[PDB]
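If you want the building blocks of each chain, they are given just below.
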Amino acid sequence: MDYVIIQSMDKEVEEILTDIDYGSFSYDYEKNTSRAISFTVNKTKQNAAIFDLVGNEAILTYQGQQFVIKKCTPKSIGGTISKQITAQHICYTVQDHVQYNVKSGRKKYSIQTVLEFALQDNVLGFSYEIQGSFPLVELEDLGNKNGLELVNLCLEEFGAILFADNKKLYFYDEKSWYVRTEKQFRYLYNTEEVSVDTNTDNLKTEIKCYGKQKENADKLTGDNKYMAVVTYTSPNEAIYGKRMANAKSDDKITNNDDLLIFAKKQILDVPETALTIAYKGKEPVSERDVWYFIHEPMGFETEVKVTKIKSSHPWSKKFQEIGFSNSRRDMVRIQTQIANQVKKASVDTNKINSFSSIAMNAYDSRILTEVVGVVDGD
Amino acid sequence: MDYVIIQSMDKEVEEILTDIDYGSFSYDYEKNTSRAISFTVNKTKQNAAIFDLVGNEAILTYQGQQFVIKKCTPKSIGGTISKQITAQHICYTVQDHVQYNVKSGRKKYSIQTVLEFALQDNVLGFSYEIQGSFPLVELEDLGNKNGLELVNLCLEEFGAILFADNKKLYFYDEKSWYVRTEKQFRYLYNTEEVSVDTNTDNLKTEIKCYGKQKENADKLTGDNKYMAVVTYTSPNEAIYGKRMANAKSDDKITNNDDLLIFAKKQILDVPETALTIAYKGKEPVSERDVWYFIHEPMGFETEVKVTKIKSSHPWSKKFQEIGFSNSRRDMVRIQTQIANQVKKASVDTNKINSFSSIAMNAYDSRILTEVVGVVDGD
Amino acid sequence: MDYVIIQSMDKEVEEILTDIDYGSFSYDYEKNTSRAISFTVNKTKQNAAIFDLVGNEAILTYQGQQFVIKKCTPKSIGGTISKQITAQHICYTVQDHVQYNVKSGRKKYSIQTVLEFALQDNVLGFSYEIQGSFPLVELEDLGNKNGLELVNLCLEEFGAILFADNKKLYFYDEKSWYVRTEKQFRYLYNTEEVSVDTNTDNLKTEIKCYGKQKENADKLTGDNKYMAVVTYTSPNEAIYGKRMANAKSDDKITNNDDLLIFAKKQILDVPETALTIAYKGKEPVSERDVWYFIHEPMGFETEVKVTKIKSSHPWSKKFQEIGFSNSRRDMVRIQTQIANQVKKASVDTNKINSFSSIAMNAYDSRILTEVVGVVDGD
């Protein structure tokens, strides 16, 4: 059903939210990033009975998917009372479950073990499924995070893609996520505006990396301080020249092959491009289908995998916006990155304060023990 | 008087600033946050004599209150010269006084002692008064800050509200600050637009907290590492379910009741709401009065305490904007929070660098003592 | 020539980029800050042959200067294909060369030595020239940075001004950079809008500074912890009174004269002003010339040195915007400052983690020495 079903916070009453301003309705999806619906509801005679129920923590069913309202803005301008509703997919509500226990130390985990640890003894009825092949990732002191943080960690590390059937989270890989379809994007046929953002500020074709630190680091000079020092040069240098970046240091590995693969992962030697298409066709576009893009004036004839969708209501007459190959820069993204880096630095210095305090604790005890030993020497 | 009195930086000449664009005039107040007036002045024949005096560091008297100009923007477009004046209440100028001395160590202070320490030997003629009851707060190495920083620390810790009669700062509590009044806000009578912003992204009802660390922490497992470990569950869970938050750690307390009250203070279990009212009545609204709000279509019949005012000049014909129950999100607030967190992290790293260096300094002397004892043993 | 010359990434074909939307063309310069050109190109018959060549990493010659394209935005709206081109001066491409070697320790360098170290064994054909006199600056572990970072460090430390003839970077000082000219800015003659931004939020006339830390810091009390403690008071206090700021600590000097000069450098005792002029005269304005500003209504009769230019194409009919005495506040600058402070804090904590681990590592050797001595004494 294309209409919205409203279920109250206490789940006592469930009805149909009518007279929604479908022109303002919008559904936003971005892989591993967001899944939400936003609209505006005006209080009229048809929905006056249930207009008081729509609020924060209410549930909206739309196209078989459940969204929890996370921001409600009632507004009264004369005779019109309007609520601006924003609801996120119920999967993100898994952040309300926190795994306090910590698996201390460095250990090689798989996606299955981390997912089982994250969603152990859930009280919100959350379940997970895995469909694909993923490598092993070594992690330090896993735990002490909420469910959403651990899910995001899994997505970032194992390179998985998460999609939720209400409260059941499926984790695919790149191979099993995208499905090929015969639907295609054609210039002048079903597309209006096509934009390509290309950036080459981080185009680097050379990198130098250092491994762990030798015990006699002070006694040694130069790259001899590390058992693993490697310089990686990308083949793209042949078309871009030598563009070397600032050195990155990993202090957890000792051999050279791991350093080489890490250095290869540490740079980006292809121009960063983001594609945006304004689509106004009749065929619906899902979150998994791969389309064929043909646009002669822009010199495009390829296969495009959808990574971002900004759809309107089917009755809203508006266009659809579809993204490929990551998203445009945007400023709030930069602010979020800075904020998370700040949080990481804050927790790091909080840990280092305790570490330095204990550095005095282990000092005096052994001082006393060996001073007693020295007295025994006398 | 409703007009503005301009006194020069050197206080040689004090006159009346006329021909002020009262339509652009605005007075902004927010409790413990801001108190300022902003407007625009055009150079005309009436104020040509004193138009050169209005500038940075000049004093403006408005309704018996003194504001120091902190931002002046002269602008020339043909024959019209305009200055955009922004002035902050003179109380904030107390930030020009810095208390360099530090009361090192952890100690339980009252508001009176901290206020006396902050404004000791002032050369700007600042005085303070306290009206209310406040608890005792334990602080570390109080001092080495300007007057405004210590005042903000007092406001944040003791839960006081600061209001300034020019250069005399009164510190009230919630009980003695708000005064009940018979004035009321009525829908369709003196209000035009009413907005309520509701957020439930921090709705948490369960928290786990850890106390100090035991001396034999490394040889202990789990919560045994701390003498104080407690899980606090809010009653609101009965209407919201279990929503665990990330664990918060306090390393300065040992018992369980203090950790319980700290954990209770550490979460927020009600929807975060902010109310904004556009008022166009004849009765003026002050910064302390508590009104009665009645708005049937939005289901309001309560008492509202003013926390933010954006008033216009009495001749400006414009509406007034009044806020209750904290303010809307906004980005500049987020940027200020991020900046202050960055500064705190930077100073923490600066202190910890010296701490590690003196750990190396306290190292070698004790190594020398050990060597002396070793030689004595032989 | 006033038109744009386009040279492909592979330098195979070099032609003239015609049908450029000169109305959108803009050239932005700011001393030690930026040098770039931005415009928009529409695909027409006159340039359809070479419209595919203009893209990222292409080279544009404009008025004898080379700019590398760093952001290209092809766009298709119906029958018009447009590319939004932003190109930075080729000098900044020197950031593609990284000096991995580090000159560890604290040492007094000159500008010549640092510049030679930065551009040693360049593969991009970069050369440097120095014209002026600069003092000696002491630095720690110079190196491990790209060319642009070291150039910016030189500009910030030695107080130099960088101007590039394509790939040849000239470094002047204040004396040899600005050249006096007879061209003047006159009110009502060749200027339209003149704006002055004045801020006095950081107006401080007193500061207290502490030198290095004594070895018996814990055994000593107060300012005796430092061999160098000095309070600097600016003469401008006579116009503004005492406005003392938060104390700044330098832990690398021991005498009092260096602390005094550092404290003098640490505060600003004059209002921070920024001047902007809209110029519409026939005489072109360069990046070095010093003009004479006369504006009676705003009380200006002085010499103004250009620090920022926003010029249009000579055929664009638009005004020119010229800045003096630093630039307006803006937010993106604040975000850049916050981001670089975050990066500095991150590298500081990354270094101090290894430092603390070494402190733990350095403990075990001395524990072994104590044990051996205890055994020997017995």
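Residues numbered from 1 in each chain as written, not as in the entry; some residues may be left out. Chains lettered and ligands numbered in written order. Part of a larger assembly, values for the part shown. Heavy atoms only, no water.

Structure determination for this entry, per the PDB record, employed cryo-EM and reached 2.88 Å resolution.

> How should a nonpolar patch on the surface be read in this particular structure?
Judged by side-chain polarity, A:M1, A:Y3 and A:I16 come together as a nonpolar surface patch covering roughly 300 Å² of accessible area. In this structure, A:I16 sits in strand 2 (residues 14-17). (Patch = residues over 30% accessible without salt bridge, like charges linked within 9 Å, V, L, I, M, F, W, Y side chains within 5 Å. Areas by Shrake-Rupley, 256 points an atom, 1.4 Å probe, with all protein chains shown as cover. Salt bridge = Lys/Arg side-chain N within 4 Å of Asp/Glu carboxyl O. Helix = DSSP H or I, 4+ residues; strand = E, 2+ residues; numbered from the N terminus.)

> Looking at this model, I keep getting lost on the side chain of B:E287. Mind explaining?
Residues and elements named next belong to chain B. Position of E287 relative to the elements: it lies in the loop between strand 18 (272-279) and strand 19 (289-295). Although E287 lies buried, it forms no salt bridge, and the closest oppositely charged side chain, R35, sits 5.2 Å away as judged by the N-O distance. Among the polar contacts listed, one links the side chain of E287 to the side chain of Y27, at a separation of 3.1 Å. (Buried < 20%, exposed > 50% of the residue type's maximum accessible area, 1.4 Å probe, protein only. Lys, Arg positive; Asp, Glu negative; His and termini not counted. Polar contact = N/O pair within 3.5 Å; in protein donor to acceptor, adjacent residues only side chain to side chain.)

> Would you mind showing me how to read the interface of chain A and chain B here?
Size of an interface: often given as the accessible area lost when the parts come together. With 41 residues of chain A at the contact, the number on the chain B side is 48 residues. Together, the buried faces of chain A and chain B total about 3,500 Å²; carbon and sulfur atoms form 55% of this surface. In this structure, the connection of chain A to chain B is made through five salt bridges. Among the salt bridges present, the one from A:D96 reaches B:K204, with a minimum N-O distance of 2.9 Å. (Contact = heavy atoms within 4.5 Å. Buried area = accessible area lost by both parts, 1.4 Å probe.)

> What should I look at first to understand the pairing of strand 11 (residues 161-165) of chain C in this one?
When a strand is regular, its side chains alternate between the sheet's two faces. Residues and elements named next belong to chain C. For strand 11, a buried count of four out of five residues is recorded, marking the element as mostly surrounded by other parts of the structure. One ladder, built from five bridges, connects strand 11 with strand 12 (residues 168-172); its direction is antiparallel. For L162, the partnering residue across the bridge sits in strand 12 and is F171. Where strand 11 folds back on strand 12, the antiparallel hairpin that results is connected by two residues, among which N166 adopts a positive phi of roughly 55 degrees. (Pairing = 2+ DSSP bridges.)

> Even after reading the chapter, I still don't get the relation of the copies chain A and chain C, so can you show me in this structure?
Note: a rotation about an axis with an accompanying shift along it relates these two copies of the chain. By a simple turn and slide, chain A fits onto chain C: the slide is 0.1 Å along the axis, the RMSD is 0.3 Å, and the turn is 120 degrees. Here the symmetry operator amounts to a three-fold rotation axis. Looking at the interface residues of chain A, only 20% of them are also at the interface in chain C, so each copy uses its own face. (Least-squares fit on C-alpha atoms.)

> Is there a simple way to explain the pattern of salt bridges in this structure?
Pairing between side chains of opposite charge can happen when their charged atoms approach one another. Applying the stated rule across the entire model yields 63 salt bridges over all chains. Salt-bridge contacts for B:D289 lead to B:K183; the nearest nitrogen and oxygen are separated by 3.3 Å. Of this pair, B:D289 sits in strand 19 while B:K183 sits in strand 13 (residues 179-186), and the two are 106 residues apart along the sequence. No difference in accessibility class separates B:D289 from B:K183, as the two residues are buried. If you follow the salt bridges from partner to partner, you end up with A:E57, A:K70, A:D96, B:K204 and B:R243 in one network.

> Would you mind going over empty space enclosed by the protein with me for this structure?
Unfilled space is identified by rolling a water-sized probe across the atoms. Summed over all chains, the structure comprises seven cavities of 30 Å³ or more. Taken together, 16 residues form the lining of the largest cavity, with A:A359, A:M360, B:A359, B:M360 and C:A359 sitting closest to its centre. Of all the elements in the fold, those that place two or more residues in the lining of the largest cavity are helix 6 (331-377) of chain A, helix 6 (331-377) of chain B together with helix 6 (331-377) of chain C. With six residues, helix 6 of chain B is the single largest residue contributor to the lining of the largest cavity. Residues that form the lining of the largest cavity fall into these classes: 13 nonpolar, three polar and no charged. One number sums up the size of the second largest cavity: a volume of about 100 Å³. Lining the second largest cavity are 13 residues, and of these C:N32, C:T33, C:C91, C:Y92 and C:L162 lie nearest its centre. For the lining of the second largest cavity, the secondary-structure elements that each account for two or more residues are strand 3 (26-30), strand 4 (34-42), helix 2 (147-158) and strand 11 of chain C. Ranked by the residues each element gives to the lining of the second largest cavity, the list is headed by strand 11 of chain C, at three residues. Along the lines of polarity and charge, the residues of the lining of the second largest cavity split into seven nonpolar, four polar and two charged. (1 Å grid on protein atoms, 1.4 Å probe; cavity = no way out; pocket = protein on both sides within 12 Å on 5 of 7 lines; lining within 4 Å. Points joined across faces, edges and corners; volume = space filled by probe spheres on them. Nonpolar A, V, L, I, M, F, W, Y, C, P; charged D, E, K, R; others polar.)

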